[PDB]
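For reference, the structure is listed below as structure tokens.
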RNA sequence: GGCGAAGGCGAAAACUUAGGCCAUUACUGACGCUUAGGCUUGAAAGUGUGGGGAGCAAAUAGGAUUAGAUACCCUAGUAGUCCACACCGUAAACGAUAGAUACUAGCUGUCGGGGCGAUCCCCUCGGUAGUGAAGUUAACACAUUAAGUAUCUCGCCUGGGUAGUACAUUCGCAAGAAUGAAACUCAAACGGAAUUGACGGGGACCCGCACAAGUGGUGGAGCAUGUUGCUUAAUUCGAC
């Protein structure tokens, strides 16, 4: 086992003034290169002003609010043919998983160029389509179906 | 066991009586030898005499 | 069509049944874990008994139900959830009682599984 | 907790009947203990005859699990499980401790009888438990209910496997029971107690990129390289 693990701090970006944007730029990073992902995300921002003219922060928070999952799933088995257990997860991991879903689903689509695909991903997340809201809805629907296990668990 | 006045004060004793009813009902639903009856009864009596004193 | 009545619940170790009855002995309606969609081994849960009791309380509400006796039957961990369902339902429960089919030490029961 | 010699005995009542406990100036006057042989009883299962048969449940069928399952689980399901009359006479029938007698520190209880006497307590005579001295014990442990101090009697034992088997004999409808070896073989044994470890699908507690979470890779392609096998002149030798 181990004890409780402290978390390293993440600094907000003082240009759009949101630390969730910093977690965006962190998760969408590959190879350990802030510059390339930074240009990608800022081009996506410029596209947000370009089509569907609206505050990028507003569509950002709307996408975060729609994609966030209400409940999580935890494995607690007894014997063969294991059974799941839905438990409660704090908001930090909830937004972390929402961002992870946005990142993974963005790089799974048509419109080959990253700029338009990630922009369409954030647009769909704001508008509640099957791109990512489908996954959250499914993971919610497996929850509260076997909630009898959730009530009596440990 | 009829006892209930307004809301809940009866319910605690209801849990007590339900526990003792379950205790008395479990040992009359599965068959095994009479010697086992006697030995388990003495074991339960010993538990009561050692824990509750 | 009656104010007073009695509703019976029998929480078996493998299932549960709830049944609302008039004082004349006739049944009004019954409910069980099988009435709901989920079946198989997962029906012996306190949550299932709770939702069954919720549904039976609902379907007796339109009947115009009032103060009612409560006879609880069977052994299991799901009988008390029906108590919570009925108490939270706002019904006029008045008396609780124990009606397990308890025998004196007579007929020989089945064995130890082993 | 109580009673019974043992097996056993617990919803209620009547009849018959057993033995038991305390004080007994009463009576009798050693009439006692043990008991080969003999006799009586003796859990469950099983046998014969007639009933009875709710539930349970050998055997049997089916559904699952498994590699197989003639098992563990589930659904049925026969004998039997119950009563009346006869038989079998075995059990871890154990306190694994034969019966009888007297003595030997103590303490805590509990139950029955007597007296004092609201129970509560006091003591007396007994049974039944726990703790514990010396003493005994290979050790564990026993210790006033001894496995101690001794006596009387009965029964029993003489390495293990063969084997509680064979032959004979008695009983029994039978199942079988009682009695009970040897040939051969081993140098020890499902020997006993206790000790250190080890192990446990035994518990209690605690760590670790162990689990959990995430990220990124190998098994998919091709090339580099090492290894296994084959080959030849060696494909030098080891690392497994």
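Protein chains in written order, with my numbering: chain A, 1 to 154; chain B, 1001 to 1053; chain C, 2001 to 2114.
Don't be surprised by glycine CBs; every beta carbon is placed ideally from N, CA and C.
Return the chain-ordered list of same chain residues with a C-beta closer than 6 Å to the C-beta of residue 2074(C), the five sequence neighbours on each side being excluded.
-> The sequence position of residue 2074(C) within the third chain is 74, counting from 1. Result list for residue 2074(C): 2010, 2011, 2012, in chain order.
Cut-off 6 Å between Cβ atoms - residues of its own chain near residue 109(A), not counting five sequence neighbours on either side = Here residue 109(A) is taken as the residue at index 109 of the first chain, counted from 1. The answer, listed in chain order, is 117.
Taking the C-alpha atoms as reference points, what is the distance between residue 94(A) and residue 40(A)?
-> Counted from its first residue, the first chain places residue 94(A) at position 94. Counted from its first residue, the first chain places residue 40(A) at position 40. Those two C-alpha atoms are separated by around 24 Å.
Compare the C-beta of residue 2045(C) with all C-beta atoms of chain A and state if any pair is closer than 7 Å.
-> What you label residue 2045(C) is simply residue 45 of the third chain in a count that begins at 1. Using a Cβ-Cβ cut-off of 7 Å, residue 2045(C) counts as an interface residue toward chain A, since at least one Cβ of chain A sits closer than that to its own.
Span separating the alpha-carbon of residue 142(A) from that of residue 2106(C) | Stepping through the first chain from its first residue, residue 142(A) is reached at position 142. Stepping through the third chain from its first residue, residue 2106(C) is reached at position 106. C-alpha separation (whole angstroms): 48 Å.
Give the straight-line distance between the Cα atoms of residue 124(A) and residue 10(A), rounded to the nearest whole angstrom.
-> In the first chain, residue 124(A) corresponds to position 124, counting from 1. In the first chain, residue 10(A) corresponds to position 10, counting from 1. Spanning the two alpha carbons is a distance of roughly 27 Å.
If we count Cβ pairs, one from each stretch, closer than 8 Å, do we get three or more for the stretch 1010–1021 of chain B versus the stretch 91–107 of chain A?
-> Three or more Cβ pairs closer than 8 Å define a contact, and the stretch 1010–1021 of chain B falls short of that threshold against the stretch 91–107 of chain A.
Kindly list the residues whose CB is nearer than 7 Å to the CB of residue 2082(C), restricted to its own chain and excluding five residues on each side of it in sequence; keep chain order.
-> Sequence index remark: in the third chain, residue 2082(C) carries index 82 (1-based). Hits under 7 Å: 2009, 2018, 2049, 2050, 2053.
Closer than 7 Å, CB to CB, is residue 2100(C) near chain B or not?
-> Here the question's residue 2100(C) lines up with position 100 in the third chain. For residue 2100(C), the answer is yes, since a Cβ of chain B falls inside 7 Å of its Cβ.
Could one say the Cβ of residue 140(A) lies closer than 7 Å to chain C's Cβ atoms, at least one of them?
-> What you label residue 140(A) is simply residue 140 of the first chain in a count that begins at 1. No, residue 140(A) lies away from the interface with chain C (no Cβ there is under 7 Å from its Cβ).
Alpha carbon to alpha carbon, how far is residue 1027(B) from residue 2016(C)? Give it in angstroms, no decimals.
-> Position 16 of the third chain, counting from 1, holds the residue named residue 2016(C). Position 27 of the second chain, counting from 1, holds the residue named residue 1027(B). Going from the Cα of residue 2016(C) to the Cα of residue 1027(B) covers about 21 Å.
Verify the CB distance criterion: does residue 110(A) have a CB-CB separation below 7 Å to chain C?
-> Taking the first chain and counting its residues from 1, the one referred to as residue 110(A) is at position 110. Judged by the 7 Å Cβ criterion, residue 110(A) is not in contact with chain C.
To the nearest angstrom, report how far apart residue 145(A) and residue 2037(C) are at their CA atoms.
-> The residue you call residue 145(A) lines up with position 145 of the first chain. The residue you call residue 2037(C) lines up with position 37 of the third chain. Here the C-alpha atom of residue 145(A) lies approximately 11 Å from the C-alpha atom of residue 2037(C).
Chain-ordered residues of the stretch 1019–1031 of chain B with a beta carbon less than 8 Å from chain C | Going along the stretch 1019–1031 of chain B in chain order, one finds 1021, 1022, 1024, 1025, 1026, 1028, 1029, 1030, 1031 with a Cβ nearer than 8 Å to chain C.
Which residue spans inside the stretch 2046–2076 of chain C form an unbroken alpha helix (DSSP H) run of at least 4?
-> If only complete runs of 4 or more residues are kept, the stretch 2046–2076 of chain C shows the alpha helix (DSSP H) at 2046–2061, in order along the chain.
Start-to-end residues for the beta strand (DSSP E) that takes in residue 2019(C) = If you number the third chain from 1, residue 2019(C) lands on position 19. Where residue 2019(C) is concerned, the enclosing beta strand (DSSP E) stretches over 2016–2021.
In angstroms with no decimal places, state the Cα-to-Cα distance between residue 87(A) and residue 18(A).
-> Looking up residue 87(A) in the first chain gives position 87. Looking up residue 18(A) in the first chain gives position 18. So the alpha carbons of these two residues sit roughly 29 Å apart.
Look up residue 2002(C) in the DSSP assignment and say whether it is helix, strand or coil.
-> Sequence index remark: in the third chain, residue 2002(C) carries index 2 (1-based). Correct three-state label for residue 2002(C): coil.
Distance, residue 49(A) Cα to residue 55(A) Cα = Start at 1 with the first residue of the first chain, and residue 55(A) comes out as number 55. Start at 1 with the first residue of the first chain, and residue 49(A) comes out as number 49. Roughly 7 Å separates the two Cα atoms.
Kindly list, in the order they appear in chain A, the residues whose Cβ is closer than 8 Å to that of residue 2042(C).
-> As a first step, residue 2042(C) is located in the third chain; it is residue number 42 there, counting from the start. Ordered by position in chain A, the residues that pass the 8 Å Cβ test against residue 2042(C) are 146, 148.
At what residues does the beta strand (DSSP E) containing residue 72(A) begin and finish?
-> Within the first chain, residue 72(A) is the residue found at index 72, counting from 1. Looking at the DSSP string, the run of the beta strand (DSSP E) that includes residue 72(A) is 72–75.
Can you give the beta carbon distance from residue 115(A) to residue 24(A), rounded, assuming they're within the 8 Å contact cut?
-> What you label residue 115(A) is simply residue 115 of the first chain in a count that begins at 1. What you label residue 24(A) is simply residue 24 of the first chain in a count that begins at 1. Cβ-Cβ separation between residue 115(A) and residue 24(A): approximately 14 Å, too far for a contact (criterion under 8 Å).
In angstroms, rounded to a whole number, what distance separates the CA positions of residue 2047(C) and residue 59(A)?
-> Taking the first residue of the third chain as 1, we reach residue 2047(C) at position 47. Taking the first residue of the first chain as 1, we reach residue 59(A) at position 59. Spanning the two alpha carbons is a distance of roughly 40 Å.
Grouping DSSP H, G and I as helix and E and B as strand, with all else coil, what is residue 1005(B)?
-> Counting from one through the second chain, the residue named residue 1005(B) turns up at place 5. DSSP places residue 1005(B) in coil when its eight states are reduced to three.
Candidates 2094(C), 2108(C), 2112(C), 2109(C): which alpha carbon is nearest residue 1006(B)'s?
-> Residue numbering aside, residue 1006(B) sits at position 6 when the second chain is read from its first letter. Comparing Cα positions, the closest option is 2094(C).
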